[PDB]
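2 protein chains.
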Amino acid sequence: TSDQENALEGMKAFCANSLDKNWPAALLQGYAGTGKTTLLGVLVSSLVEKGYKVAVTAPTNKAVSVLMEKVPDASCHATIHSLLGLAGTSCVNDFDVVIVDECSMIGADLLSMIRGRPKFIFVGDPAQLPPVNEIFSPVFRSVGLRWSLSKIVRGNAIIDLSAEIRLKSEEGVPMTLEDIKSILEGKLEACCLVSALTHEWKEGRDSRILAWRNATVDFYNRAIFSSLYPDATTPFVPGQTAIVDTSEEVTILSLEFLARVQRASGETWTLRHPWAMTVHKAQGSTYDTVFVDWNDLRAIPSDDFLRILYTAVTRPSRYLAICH
Amino acid sequence: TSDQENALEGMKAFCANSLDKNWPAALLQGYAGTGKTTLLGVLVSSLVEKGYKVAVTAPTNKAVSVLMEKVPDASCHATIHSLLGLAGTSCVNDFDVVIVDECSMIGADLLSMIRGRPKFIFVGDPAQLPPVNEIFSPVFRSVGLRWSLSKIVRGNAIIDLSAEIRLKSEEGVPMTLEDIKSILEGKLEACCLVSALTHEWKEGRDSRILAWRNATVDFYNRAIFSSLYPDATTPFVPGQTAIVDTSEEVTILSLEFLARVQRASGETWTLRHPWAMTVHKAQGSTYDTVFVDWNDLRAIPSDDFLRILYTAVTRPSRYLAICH
Numbered sequence: 007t008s009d010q011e012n013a014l015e016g017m018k019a020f021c022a023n024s025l026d027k028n029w030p031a032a033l034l035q036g037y038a039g040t041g042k043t044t045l046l047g048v049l050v051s052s053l054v055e056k057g058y059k060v061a062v063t064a065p066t067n068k069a070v071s072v073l074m075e076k077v078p079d080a081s082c083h084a085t086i087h088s089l090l091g092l093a107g108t109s110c111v112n113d114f115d116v117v118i119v120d121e122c123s124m125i126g127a128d129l130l131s132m133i134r135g136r137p138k139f140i141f142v143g144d145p146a147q148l149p150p151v152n153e154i155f156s157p158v159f160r161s162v163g164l165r166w167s168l169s170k171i172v173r177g178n179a180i181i182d183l184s185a186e187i188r189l190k191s192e193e194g195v196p197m198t199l200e201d202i203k204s205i206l207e208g209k210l211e212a213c214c220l221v222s223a224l225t226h227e228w229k230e231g232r233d234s235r236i237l238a239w240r241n242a243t244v245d246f247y248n249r250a251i252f253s254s255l256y257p258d259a260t261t262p263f264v265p266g267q268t269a270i271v286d287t288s289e290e291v292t293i294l295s296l297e307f308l309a310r311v312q313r314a315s316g317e318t319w320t321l382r383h384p385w386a387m388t389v390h391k392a393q394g395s396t397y398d399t400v401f402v403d404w405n406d407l408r409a410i411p412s413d414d415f416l417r418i419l420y421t422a423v424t425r426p427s428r429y430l431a432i433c434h
Numbered sequence: 007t008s009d010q011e012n013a014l015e016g017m018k019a020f021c022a023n024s025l026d027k028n029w030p031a032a033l034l035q036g037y038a039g040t041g042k043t044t045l046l047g048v049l050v051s052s053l054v055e056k057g058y059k060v061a062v063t064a065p066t067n068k069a070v071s072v073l074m075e076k077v078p079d080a081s082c083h084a085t086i087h088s089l090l091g092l093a107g108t109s110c111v112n113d114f115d116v117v118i119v120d121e122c123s124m125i126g127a128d129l130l131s132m133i134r135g136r137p138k139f140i141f142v143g144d145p146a147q148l149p150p151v152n153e154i155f156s157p158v159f160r161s162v163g164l165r166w167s168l169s170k171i172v173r177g178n179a180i181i182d183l184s185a186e187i188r189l190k191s192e193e194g195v196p197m198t199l200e201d202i203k204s205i206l207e208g209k210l211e212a213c214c220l221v222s223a224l225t226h227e228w229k230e231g232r233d234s235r236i237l238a239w240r241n242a243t244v245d246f247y248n249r250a251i252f253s254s255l256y257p258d259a260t261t262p263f264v265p266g267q268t269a270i271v286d287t288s289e290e291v292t293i294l295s296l297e307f308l309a310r311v312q313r314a315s316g317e318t319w320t321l382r383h384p385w386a387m388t389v390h391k392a393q394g395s396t397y398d399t400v401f402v403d404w405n406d407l408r409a410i411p412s413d414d415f416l417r418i419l420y421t422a423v424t425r426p427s428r429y430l431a432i433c434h
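Chains as they are written, first to last, in PDB author numbering: chain A, 7 to 93, 107 to 173, 177 to 214, 220 to 271, 286 to 297, 307 to 321, 382 to 434; chain B, 7 to 93, 107 to 173, 177 to 214, 220 to 271, 286 to 297, 307 to 321, 382 to 434.
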């Protein structure tokens, strides 16, 4: 690869203090289909082989949960709040290299309290949404070392649609459903809901709908709750997966204004459906195969488009479907 | 070079339509001492040798005047307002490649009316000041192709001070005059005013002082006017160089509420001293050897520092001096 190895060779030397010292920063800036989360495996493998103490970190629990499968050579997979005790005790000084991930939603306060003795590396995508009440992630305003990856390298349709969306974003012509149909013809990786994903859930596979909030994702969740379990005697059902750490999926083991929440894998404890949801809560978390409701994203927004569509087309891992 | 050739190979192919089409954008993002204005010579030479019709453009007349010496192989060195007739006639369609320069001060309106049939390439530095009433240049928010250069490659002191300023910018420790003295000891490329640069002007060399405005650059200009010409019979003197196109130096040939302004080189016509000036008006324009008044930049600003100091240390070409 052209950009990938250039970005790697130089981070692999900035970590080893080959460059000038007192630089506690870096950047990657990959778009999609680039090794924005692929070259990190090689980097972490090399650093562990070098004898360092690396930590792979993410702002959300779902992102680091994915990273566990993506990066099986790190040491302290944790949330950004758990490596510094921000909200137990800060364990950051025990590490030599910190590799932050999905930094596109990282707020300014995280940069303010990201200080530490190890070398911090940031990974993000400038084409995704910025954090709430904030227009462009401050990590991209980094004045120190920088790197950039702008390709779609490696017969695919999940990322080709995102590339087309980005292409139409930099020029004035908008993107309308006829363009979607004309680009999604023959690829057959898109189907350009309630019963379909209910049948999916009967088989076991779980999906989601990337609609807006406060008006759609409750009507698009109560229907699935009624259809999947015909009898509704309790707000939840044993064996169901639930949502709220932050934005972490939990299992349900029993009930009773009382409930039970099996957290993590084996951690049972005591104390939001996972089907209908919003693109904002989707940022950073893949949620596997997902369906996209075009009639919601096209209707209300008029300026954020081509950026809401991005970060919504990149969520699915193998199957995407747009419904009109 | 590592980053330079990677940035070149890829622009040299995006221009030739080797990549995907309908991408009317690019980026370079060099800091200082990088080939942010050096690899452009090679690029333009290759494109002219390829048979294209390239145009080297800048938002200010001083920047393109410098580019004429830096780039002697272009075809239509002009202001950004002259290649599109924004304010005669737009000549942009006659060109195949447009290479914009010093894009760090380019406003959003320039991106809005930058549309055209040729392929537009943007060059800028994220570490410099943003355009007025605007926090971060929209060109860096480009979603299309991107490139980055972050080095100080190629016993020098004019850019080493800027590198140190940037290094102190990304961490919480500020930079104070004792640090300036400790870094500027033995380098002897800095002297860490009125009489000194008046003696400079008697010899012929002209310098400047990068102070603030509305309070300092008038007292720091009237004194030089009185000292350089002991008798003050007219606001200007024949043979003097003057300032205000926009931010373009002109000569004075005669006077008479009447005057004469020899514009350009040979263009005589009819109708701000060049000594004391502001860092804002300094952006993009080198103004050769310059002196920097530390007591002005240190006193009033408290947040913009390390960014006002940048774009003020990079203005001089061969000699820098800081006075306290």
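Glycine included, every Cβ here is placed at the ideal spot set by N, Cα and C.
Would DSSP call residue i helix, strand or coil?
i, result
"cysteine 122 of chain B", "helix"
"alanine 64 of chain B", "strand"
"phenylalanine 401 of chain B", "strand"
"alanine 19 of chain A", "helix"
"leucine 33 of chain B", "coil"
"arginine 310 of chain B", "coil"
"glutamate 227 of chain B", "helix"
"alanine 146 of chain B", "coil"
"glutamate 153 of chain A", "coil"
"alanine 84 of chain A", "strand"
"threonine 7 of chain B", "coil"
"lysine 42 of chain B", "helix"
"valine 195 of chain A", "coil"
"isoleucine 202 of chain B", "helix"
"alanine 212 of chain A", "coil"
"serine 109 of chain B", "coil"
"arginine 382 of chain B", "coil"
Using the C-alpha atoms, what's the distance from residue j back to residue i?
i, j, result
"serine 156 of chain A", "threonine 43 of chain A", "19 Å"
"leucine 296 of chain B", "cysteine 122 of chain B", "37 Å"
"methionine 124 of chain B", "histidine 383 of chain B", "23 Å"
"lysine 203 of chain B", "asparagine 28 of chain A", "19 Å"
"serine 395 of chain B", "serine 288 of chain B", "9 Å"
"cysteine 110 of chain A", "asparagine 248 of chain A", "40 Å"
"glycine 107 of chain B", "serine 191 of chain A", "30 Å"
"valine 77 of chain A", "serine 167 of chain A", "21 Å"
"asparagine 152 of chain B", "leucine 129 of chain B", "15 Å"
"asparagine 112 of chain B", "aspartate 233 of chain B", "40 Å"
"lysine 391 of chain A", "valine 423 of chain A", "14 Å"
"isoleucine 270 of chain B", "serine 315 of chain B", "15 Å"
"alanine 223 of chain B", "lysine 56 of chain A", "56 Å"
"residue 278 of chain B", "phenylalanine 159 of chain B", "The gap in chain B between 271 and 286 takes in residue 278 of chain B, so it carries no coordinates here."
"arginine 165 of chain A", "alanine 386 of chain A", "38 Å"
Give the DSSP bridge partners of residue i, in chain order.
i, result
"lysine 138 of chain B", "B:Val116"
"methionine 387 of chain A", "A:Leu237"
"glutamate 186 of chain B", "DSSP, once it has assigned bridges, lists no residue as partnering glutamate 186 of chain B."
"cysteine 433 of chain A", "A:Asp403"
"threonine 292 of chain A", "A:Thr268 and A:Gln312"
"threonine 318 of chain A", "A:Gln312"
For residue i, which residues from the same chain have a beta carbon less than 6 Å from its beta carbon, with the 5 sequence-adjacent residues on both sides left out?
i, result
"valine 70 of chain A", "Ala64 and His83"
"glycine 126 of chain A", "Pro150"
"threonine 318 of chain B", "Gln312"
"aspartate 286 of chain B", "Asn67"
"residue 174 of chain B", "No coordinates are present for residue 174 of chain B, because the numbering of chain B runs from 173 directly to 177."
"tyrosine 429 of chain B", "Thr399"
"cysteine 214 of chain B", "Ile202, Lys203, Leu206 and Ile432"
Who are the Cβ neighbours of residue i in its own chain at under 7 Å, not counting the five residues just before and after it?
i, result
"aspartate 406 of chain B", "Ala238, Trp239 and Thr243"
"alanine 93 of chain B", "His87"
"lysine 209 of chain B", "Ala179"
"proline 30 of chain B", "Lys138 and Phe139"
Cutting at 8 Å between CB atoms, please list the residues of its own chain near residue i, excluding the five before and the five after it.
i, result
"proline 265 of chain B", "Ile293, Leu294, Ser295 and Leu296"
"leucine 220 of chain A", "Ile236, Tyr247, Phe401, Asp403 and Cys433"
"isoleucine 418 of chain A", "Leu148, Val389, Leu407 and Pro411"
"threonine 85 of chain A", "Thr63, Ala64, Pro65, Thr66, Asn67, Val70 and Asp286"
"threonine 225 of chain A", "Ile251, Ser254 and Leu255"
Strictly below 7 Å CB to CB, what residues from chain D border residue i?
i, result
"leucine 164 of chain A", "Included in the structure are the protein chains A and B, with no chain D among them."
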